[PDB]
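Before any comments, here is the structure.
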2 protein chains.
Amino acid sequence: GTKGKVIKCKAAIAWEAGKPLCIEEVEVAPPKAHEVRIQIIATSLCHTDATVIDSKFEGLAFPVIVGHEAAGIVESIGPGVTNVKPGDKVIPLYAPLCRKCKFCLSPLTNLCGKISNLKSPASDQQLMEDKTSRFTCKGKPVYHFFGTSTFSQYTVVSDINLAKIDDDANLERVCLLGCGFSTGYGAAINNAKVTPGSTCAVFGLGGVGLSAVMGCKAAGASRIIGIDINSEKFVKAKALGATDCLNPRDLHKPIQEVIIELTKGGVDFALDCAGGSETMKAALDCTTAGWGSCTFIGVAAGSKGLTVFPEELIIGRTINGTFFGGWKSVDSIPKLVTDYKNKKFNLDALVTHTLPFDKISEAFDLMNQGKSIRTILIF
Amino acid sequence: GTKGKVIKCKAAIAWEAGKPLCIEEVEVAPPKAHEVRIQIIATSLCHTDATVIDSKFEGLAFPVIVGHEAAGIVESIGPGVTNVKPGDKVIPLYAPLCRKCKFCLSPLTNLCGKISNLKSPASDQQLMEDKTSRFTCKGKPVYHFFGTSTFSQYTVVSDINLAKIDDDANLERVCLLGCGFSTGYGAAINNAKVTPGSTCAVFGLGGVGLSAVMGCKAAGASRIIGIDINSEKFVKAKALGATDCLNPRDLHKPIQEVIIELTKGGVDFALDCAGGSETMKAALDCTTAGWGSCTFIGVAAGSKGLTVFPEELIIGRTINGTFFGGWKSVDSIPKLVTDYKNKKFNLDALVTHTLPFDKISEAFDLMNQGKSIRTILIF
Ligand SMILES: NC(=O)c1ccc[n+]([C@@H]2O[C@H](COP(=O)([O-])OP(=O)(O)OC[C@H]3O[C@@H](n4cnc5c(N)ncnc54)[C@H](O)[C@@H]3O)[C@@H](O)[C@H]2O)c1
Ligand SMILES: NC(=O)c1ccc[n+]([C@@H]2O[C@H](COP(=O)([O-])OP(=O)(O)OC[C@H]3O[C@@H](n4cnc5c(N)ncnc54)[C@H](O)[C@@H]3O)[C@@H](O)[C@H]2O)c1
Ligand SMILES: [Zn+2]
Ligand SMILES: [Zn+2]
Ligand SMILES: [Zn+2]
Ligand SMILES: [Zn+2]
């Protein structure tokens, strides 16, 4: 039995910013009060994992185990835990649900007051609630990431940072609900609030963006324009519901102007699922006057964001954003697992590669080289 | 009998940017097809009139007759006019309602496709439909402003740029519905969509801001924080519904942080009724995470706008704006005139000064020195 014992296992550690991850042996401490130790079965790479370890990102403590998109099995539970037991299938959640704070009590948001670093949510939850870490490597502490740290074979999370899911769930596919799918799909349905018959633009056709295409389609959009600088993403996008696909590099005319001409005035809903100043600007610019909606999802390390003028809003734009697709994490994720079982949406289309966890650096290369959508890493 | 005849009258002309207005004798041509010539009875000064003739403002054609906040009486109508007749009391409208375009047909906006300059609406409608002007001075054409040009004793507007109002209306007060009151009041009700029990921050306590205070109160706000760099505005704001008033200059701590501490996390709805980079930043920053709403109203000549990071929206903010308070102009303004007759809101509180039109420069001085809210100018 490993219950109550330190577990020695493999993890991918970022020792410092701007360097590749290193496979190391780590010690994972037993869970304390209101914590759960999880054996990670499958985990995938989100662009956020790469962003936060970039030298241009500020506020992350090193050394760190990143990873936030996974599915696993409960190995053990700490004192006071009643929501899961050993053997349960679970999805670790970076978006907590304490159920008691003013944000958790509101139907208007899926934010939780546990996240106090509002200027940079991705740099919060590097320590457990008692302000210590459950990871050790080479006699020193290793920080958590986003309350999840799924690039370790065993991780420890708070009991409000996981969802118990169906016992028959495919752990090699539902891990995608841990961030990318849920974010894109939910951004369209919950944050953007895409309406039947509307026109949509989705910038960036990766894991999040393809999921936003699926979300727009489920919401009843009549036209869905996919935008990517990689035209190889277009066949998948059209298969998942994109009616049009455009590469900004194909014309000297700025993409927002191409979109405005094509739609005769702009789209109803734009979603930026790529990130950075240029995509933010194009996403806002391509929306119709009167009632145009622009939803920000993507982020870029060292970006200076977007300069906005009041006239751009005065003509009738709304700007908003998403955190984990607007889903109340602990309640919604098990329902999304059931939806997937019932074939409500196509998760398998997101998976382009499957590797052993040892080849985690290849997953980074595939992503940075634009060759993958989601790579599933198997421990 | 002036019908069909050129009218000679007084107007205040801006000959070039950055100079005071000059009272001149101008010739006003008769109205052509689908136009109405109006005798202006009372007109007031909105900050926008000063902004557009500032040297830092780009895209206004000179010489020009500004003014867009007025009430008057119809002197004559051109061919095909079915909506007003000589003698009718009217409010000229810079926000047209053509009723044909995609915007007019939508309940989601009060924009009209007649305004084609969406990057700067204030610089459109300097000419009539046929691309000519009805004003002449010293043998040369003088441009219109915002389709209204109310700083001339007689002006000519299209038949979709005015509202017929109650015969019993007080023209020296309902002129305020021509921009400032309607914008602030409507921004709270229509654009921000202030909800019962909510907390609000209104930045800038002039004509627009005090009207936003009145709007927030009417919408059921339980707390209304007024912000101004001029503390003399606070007695009026509190009288009209402000529960708290703050001057940013009183503490070294940034005003947005003072507001966050005071409300324990920020307000539900912020409205920027001042304008510029500083107020836009403070308005966005002071809003709660989760569901904070920031509405931009104010503009500043030569402003560099606001740099926004996607994280500021990801944590659950919405940003929007107002154009003339979200009112379908021609339909809503007569109803607002009736509301005023029925004492629904306090327009008189907005009037601090009344002057003959000859002293128009004093009205600018009062505004620029911060000594007025609205000055009524009487022809
Ligand atoms: N806000 C949230 O809660 C949340 C959640 C998940 C991911 N994210 C962020 O969402 C973004 C997307 O994540 P992902 O894992 O799908 O990334 P990804 O790398 O899988 O896909 C990004 C796509 O953007 C495209 N792209 C890059 N530059 C572009 C440009 N200038 N114009 C058009 N397309 C461009 C790339 O070619 C790629 O196909 C990332 O910035 C990530 O950090 C945010
Ligand atoms: N968007 C629209 O449809 C619309 C309509 C009407 C007016 N406007 C704009 O709204 C703004 C308000 O117009 P107004 O006529 O009421 O102006 P105003 O000059 O009468 O009032 C502005 C108030 O803002 C205050 N102020 C200035 N800087 C401030 C700061 N940093 N913090 C807090 N308060 C500050 C001033 O002291 C003043 O009391 C102007 O920018 C005007 O052009 C927009
Ligand atoms: Zn992610
Ligand atoms: Zn909570
Ligand atoms: Zn105005
Ligand atoms: Zn119209």
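Give the residues of the stretch A:103-132 that are of a type in the set (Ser, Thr, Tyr) and either within 14 Å of ligand 1 (Cβ to nearest atom) or in contact with a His (Cβ under 6 Å, 6 or more places away or on another chain) (or both), sorted by residue number. Let's see the steps before the verdict.
If we filter the stretch A:103-132 for residues that are of a type in the set (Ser, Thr, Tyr), which is where we start, we get A:106, A:109, A:116, A:120, A:123, A:132.
Passing the criteria: A:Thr109, A:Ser120, A:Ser123.
Conditions tested, residue by residue: (1) under 19 Å from B:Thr48 (Cα atoms); (2) out of contact with any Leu (no Cβ under 6 Å at 6 or more places or on another chain); (3) among the β-branched types (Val, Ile, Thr); (4) surrounded by fewer than 24 Cβ atoms within 10 Å (Cβ to Cβ).
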position	(1), (2), (3), (4)
B:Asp159	no, yes, no, yes
B:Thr183	yes, yes, yes, no
B:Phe203	yes, yes, no, no
B:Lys217	no, yes, no, yes
B:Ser222	no, yes, no, yes
B:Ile227	no, no, yes, no
B:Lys238	no, yes, no, yes
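Within this structure, B:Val330 passes the test of being closer than 30 Å to B:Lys10 by Cα, more than 14 Å from ligand 2 (Cβ to nearest atom) and surrounded by 22 or more Cβ atoms within 10 Å (Cβ to Cβ). Contact map, the stretch A:100-112: first residue at the interface with chain B (Cβ under 9 Å from one of its Cβ atoms) and among the aromatic types (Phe, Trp, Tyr), second residue part of a loop (DSSP other than H, G, I, E, B) and surrounded by 15 or more Cβ atoms within 10 Å (Cβ to Cβ), Cβ cut-off under 6 Å, separation 6 or more or different chains; pairs are A:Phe103/A:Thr109; A:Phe103/A:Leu111; A:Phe103/A:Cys112; A:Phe103/A:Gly113; A:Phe103/B:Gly290. Taking the stretch B:133-147 as the range and being closer than 24 Å to B:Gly298 by Cα and either within 10 Å of chain A (Cβ to nearest Cβ) or in contact with a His (Cβ under 7 Å, 6 or more places away or on another chain) (or both) as the test, the residues that pass are B:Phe145, B:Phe146. The C-beta contact set for the stretch B:295-315 (first residue assigned by CATH to the domain that holds B:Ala283 and closer than 20 Å to A:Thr295 by Cβ, second residue of a type in the set (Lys, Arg) and in a loop (DSSP other than H, G, I, E, B), distance under 8 angstrom, 6+ apart or interchain) comprises B:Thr307/A:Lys304; B:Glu311/A:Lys119. Which of the residues belonging to the stretch B:166-187 are more than 13 Å from ligand 2 (Cβ to nearest atom), among the hydrophobic types (A, V, I, L, M, F, W, C) and part of a helix (DSSP H, G or I)? B:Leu171, B:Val174, B:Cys175 - these are the residues of the stretch B:166-187 that are more than 13 Å from ligand 2 (Cβ to nearest atom), among the hydrophobic types (A, V, I, L, M, F, W, C) and part of a helix (DSSP H, G or I). Per the listing B:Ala95, B:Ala122, the residue uniquely buried (at least 19 other Cβ atoms within 10 Å of the Cβ), assigned to a loop (DSSP other than H, G, I, E, B), among the small types (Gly, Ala, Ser) and within 14 Å of chain A (Cβ to nearest Cβ) is B:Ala95. Of the residues examined, B:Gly220 is one that is assigned to a loop (DSSP other than H, G, I, E, B) and more than 25 Å from B:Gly72 (Cα to Cα).
Quick reminder, even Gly has a Cβ in these numbers, built from the backbone with ideal geometry, and neighbours come from all protein chains shown. What is reported rests on the model, the rules as stated and the sources as named; nothing here is a laboratory result.
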